[PDB]
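The next block holds one structure in the form of structure tokens; read it before the comments.
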Amino acid sequence: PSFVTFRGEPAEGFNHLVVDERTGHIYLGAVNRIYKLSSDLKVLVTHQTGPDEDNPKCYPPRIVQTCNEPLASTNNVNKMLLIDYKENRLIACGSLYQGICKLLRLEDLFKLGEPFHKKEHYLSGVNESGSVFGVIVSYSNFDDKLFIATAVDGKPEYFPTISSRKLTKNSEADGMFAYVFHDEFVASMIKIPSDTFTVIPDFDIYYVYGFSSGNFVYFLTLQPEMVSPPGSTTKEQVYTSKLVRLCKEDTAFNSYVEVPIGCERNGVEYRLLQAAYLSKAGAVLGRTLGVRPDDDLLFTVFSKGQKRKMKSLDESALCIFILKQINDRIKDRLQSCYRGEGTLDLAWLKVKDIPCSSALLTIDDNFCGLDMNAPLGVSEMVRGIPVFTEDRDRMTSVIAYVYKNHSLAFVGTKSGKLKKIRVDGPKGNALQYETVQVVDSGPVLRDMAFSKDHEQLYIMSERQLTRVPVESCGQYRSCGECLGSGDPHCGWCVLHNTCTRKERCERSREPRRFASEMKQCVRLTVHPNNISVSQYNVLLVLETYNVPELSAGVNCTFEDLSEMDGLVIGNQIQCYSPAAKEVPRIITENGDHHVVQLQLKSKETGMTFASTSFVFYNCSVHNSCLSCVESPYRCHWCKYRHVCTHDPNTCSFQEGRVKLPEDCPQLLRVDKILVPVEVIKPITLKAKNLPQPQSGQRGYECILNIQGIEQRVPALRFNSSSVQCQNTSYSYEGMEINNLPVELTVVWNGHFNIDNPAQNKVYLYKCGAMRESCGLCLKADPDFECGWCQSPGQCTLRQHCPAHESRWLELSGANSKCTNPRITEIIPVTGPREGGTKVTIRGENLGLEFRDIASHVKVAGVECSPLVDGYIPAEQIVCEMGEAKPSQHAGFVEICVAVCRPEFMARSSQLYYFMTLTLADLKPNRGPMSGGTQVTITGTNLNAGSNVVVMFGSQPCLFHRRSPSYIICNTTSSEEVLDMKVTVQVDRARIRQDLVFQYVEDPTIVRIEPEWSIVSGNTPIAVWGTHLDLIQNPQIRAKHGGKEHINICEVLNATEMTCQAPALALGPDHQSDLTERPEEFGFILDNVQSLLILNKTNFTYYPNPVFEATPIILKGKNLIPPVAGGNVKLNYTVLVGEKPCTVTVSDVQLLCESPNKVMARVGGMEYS
């Protein structure tokens, strides 16, 4: 729905709004315009008040007298607007006339009169809108008047800030705006003293809001710094927001009172009035407030602090004042002055403090003021009761009203939104809703009035008036949701089945017709909660509470699917379930069950109000016993029929029924089923509740699912708990894998598969496709029972190999020597003469125990001692060689399993070679103390042996790769000190040499020569620092956004370095024209971490170019960066397949010339 609105008919401007109590017509004050609108916000009539040639400086405006100062067409701002019902007109006071007021006829806006001639006819020079306010009070003839306050602008002689003026019947009459009682000594007006102006130059009173109460008139005002804040001389101005009051009856103006007003929230001060609204509490607020029905209340809005009235702060607070409380404060104050204590204390009015005079008096609320102790101020600032505070978005305006005794408050925001607040201090709670009827971008004005009928609330913006309805409960579909939202306006109109306010619900007054709390809803229950799919048209009884008389008629709707008529008896509703034809359409694909929300559709409303959980459960679909019983519903399984059904009778016979899950037909597991290939073997099985096949039903079979071949073997069911497939042999083709698990399915009567929860499988295992050697077989599991058979030269089970001799060989428990050990290959081919090398020998048929191999290994003559942990039985031996000093140079490796028997020994195919590695030189001789330098150790025979360790200063170096000629390793920190020695140890040999490594102090980065670069980077950067030579490959690092990137540097001297800037190019973020710092910037110099992130750096990144696909003109953004100084600019080159062109570069375009595919390049970037 959209909100009805009136756009600034003059699209040009807007200032004030008011509603006629009887008609509902809305009058809107604006600059140069005054409009009359319908309740709907249609334009009824437009009046042109505007642009008049004038000048603010001139006193009696041009019409009366000639003004020396030049005039200009200026805008006339509607300062004020007030409806004079009695007079049947509208007082629409403008400005730019020296503030002349106009009278517009109520119905047509016909200008009845606009008195210009006399001085009184001029209100104020002030151009500002809303700084003025006032009230029109009327009585029958010979009793009457207008009270108005306005800012002066330092005009003190010309105009009074507050005045009591006359409103004659005739608009033509000269008398208008004359003071009620004018005397040479005292007039019914209050002027600002000249002395006060001189002291504080700018002092001025701005009147925000005003209202008549009882028999007085109140004004909320803003004033300047007068003793607040203290200051010897003029400087800054801060404001103090105060309340003013007058007796309607006091022609003398003696009754004037002025108290400062504000409120504080947790030590935060809210001094400045934005707007206010007088209203009633209604029964709810009044009771807890402790008030009489008639007693009034004043909602207000204040900004934080004393600063900037012109443009206040966002922080704003809605406070409250009970009029009784303010009246008390005033009475309290007066009764005090009458005591004779202290001074009057009103700075702006009376510069010189006059004392209060004591006197005998009955001080009442009626007290109008007396000659002595005349106009007076107030000491104690009156504090208000806080209600709601907005930090993020400043409140601009407020209104409130009584609804069903609950007090609803309306608050405009700077954003153009309205808040609907139930005030519940006296009750208990907070803010119910927020709305943006208005204007999404920018604010709402103080003139915010409810309509006469109080259906809507006209919300005024600078641009437009918007008719915001006071609730939009209709959005809520169900009683549960309606009451769920909580926005206090909403209730569930039971019979209507809709969500709306009390006023909206017909006959809501009657009992249980309207529901306020969730409890009142609606609660529904169905006796047959669960009905089976198979059943049809079942009788259901409905129990509902807290529902209105249904005699209108009701229908039951399971869902959008179906709807059945119902009859009512007692306090119950009787409906029928859907037909089988209807029910399964739903059930299909939901499977196990489908919960459905059965609703009740009322005949009168035609909307579903009440719901319940209704379950549709069909047993037959279940394919297996587990699903049938074990599932969530009541279903019975028939072992024999092998079907699931609701009825017990349908089962084959009594013994066949499965009520419990434990009882179901399933196969129990036994020790793993091992099955050799090509062997005839029976496979016994255990299980539970196996059915006896009934008539027309066949027996049991075992089906093995082997991809190569699926075997069907019939079986015998001995009893309810045991089965056995008959003697058969199984095989799979491939010889690929030893152990193949296979799924097996036990079936009976052809298709019926018995459930296999464990999912037991049969393991088909085959004898050495894999192992040609005796060592390999004995190595394999003892479970296989597979063993080596000497005569065949092959390996199979005893069953498989004939026994000429009493024995076939099986590793009894590893105590089985094997024969014919072989060595395939060994690692470190070469080694040092000194020894210590770790030789890794890999063979096929070795000894099973370590103990036998130990002492077995020899390299030629040299004794080699094997390592226990390293040794993997019969596959591999890790051995450490001893001192090689012998004459041989090269020798074959020998392993004797237990004993060096002739059958039992193995010799290596290739011989182990002895040679002593040496190291001549290191590529970097020097490096930083922190370390992290890539060292290049050059030498000979560096590759030898097993293990390598490099120690600089006895501290370890981190190894990388090894070669015959070279060892590469990364240096550790020389915490010790500059200089150091290099020791390399391979196995037991430790070689040292004269070559030394010299430690040099961590490098530093002083400065970066351009402070900046572009998004794509690759510009030159001249960096300066210290100990730069110490790092071989320095690089620049930068982190922009999520990603981190690096780039290369070239080191000239110890001090100087040239680096190419890193590319930032990121699709998500682009550097702004202004420029941006990276998340991190630094340099990667080995381990020195401090260099990685530079805290101090103010390096900035400027925006790679964007280009879009006869001379050539290429357009795109980001061609030129805003860079400081010089025309440091990018050197662009647009080239064709090979030739560059002459071009003039502009920020937006590139003017290349082609006399006859293109590539554009600047620095590092290329685009095509």
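Going left to right, the sequence shown walks through residues 37 to 1145, 1158 to 1204, 1210 to 1221 as PDB author numbering numbers them. We put the CB at the ideal spot given by N, CA and C, even for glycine.
Judged by pairs of C-beta atoms under 8 Å, the segment 66 to 82 does not touch the segment 91 to 101, as fewer than three such pairs exist. Between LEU994 and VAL1036, the gap from beta carbon to beta carbon reaches 7 Å or more. A Cβ-Cβ separation of about 7 Å places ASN961 in contact with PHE1033 under the 8 Å criterion. For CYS526, the closest C-alpha among the options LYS440, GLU546 and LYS488 is that of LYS440. Counting only unbroken stretches of 3 or more residues, the beta strand (DSSP E) elements lying wholly within the segment 374 to 440 are 421 to 426 and 431 to 439, in sequence order. Ranked by how close their Cα comes to the Cα of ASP1023, the residues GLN492, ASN979 and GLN310 have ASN979 in first place. In the three-state DSSP reduction, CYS557 falls in the coil class, being neither helix nor strand. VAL216 and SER224 have their C-alpha atoms roughly 6 Å apart. Ranked by Cα distance from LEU126, the options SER207, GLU193, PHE183 and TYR133 are led by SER207. Put simply, the segment 292 to 312 touches the segment 345 to 362. At least three CB pairs are less than 8 Å apart. Taking a contact to require three or more Cβ pairs closer than 8 Å, the segment 149 to 169 and the segment 122 to 138 qualify as touching. Between the C-alpha atoms of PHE50 and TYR1137 there is a straight-line separation of about 47 Å. Burial check for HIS892: the Cβ neighbour count within 10 Å reaches 16 or more, so the residue is buried.
Taking the C-beta atoms as reference points, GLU737 is found no nearer than 7 Å to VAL778. DSSP, read as helix, strand or coil, puts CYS680 in strand. In this structure, the CA atom of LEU603 is about 44 Å from the CA atom of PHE39. The residues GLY135, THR186 and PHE195, in chain order, have a CB closer than 6 Å to that of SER160 in the same chain once the five nearest residues on each side in sequence are set aside.
In the assembly as shown, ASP144 is an exposed residue. Its beta-carbon has fewer than 16 other beta-carbons within 10 Å. The beta-bridge partner set that DSSP reports for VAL480 consists of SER497. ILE1120 and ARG1073 do touch by the CB rule: their CB atoms are close to 5 Å apart, below 8 Å. Around the beta carbon of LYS921, fewer than 16 other beta carbons sit within 10 angstroms, so the residue counts as exposed.
With contacts defined by Cβ atoms closer than 7 Å, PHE183 and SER200 form a contacting pair. DSSP places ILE913 in the uninterrupted beta strand (DSSP E) bounded by 912 to 917.
For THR324, the enclosing alpha helix (DSSP H) begins and ends at 318 to 325.
DSSP places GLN795 in the coil class of the three-state scheme, outside both helix and strand. Residues of the same chain with a CB within less than 7 Å of the CB of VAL423, apart from the 5 flanking positions on each side, are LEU354, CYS355, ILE356 and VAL459 in chain order. At the C-beta level, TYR243 and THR257 come within 7 Å of one another. Its Cα nearest to that of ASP683, the residue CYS671 stands out among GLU691, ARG677 and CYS671.
For the pair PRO1000 and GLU1012, the Cα-to-Cα distance works out to about 31 Å. Listed as beta-bridge partners of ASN566 by DSSP are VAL651. Taking a contact as a CB-CB distance under 8 Å, the pair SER291 and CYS404 counts as one, their CB atoms being some 5 Å apart.
Taking all protein chains in view, the Cβ of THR449 is crowded by 16 or more other Cβ atoms within 10 Å, so the residue is classified as buried. When DSSP states are grouped into helix, strand and coil, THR641 belongs to the coil group.
Remark: C-beta atoms of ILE1161 and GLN1197 approach each other more closely than 7 Å. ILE623 is positioned such that its CB atom lies closer than 7 Å to that of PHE652.
Within the segment 1055 to 1131, the complete beta strand (DSSP E) segments of 3 residues or longer fall at 1056 to 1062, 1071 to 1076, 1079 to 1087, 1092 to 1096 and 1116 to 1120, listed in chain order.
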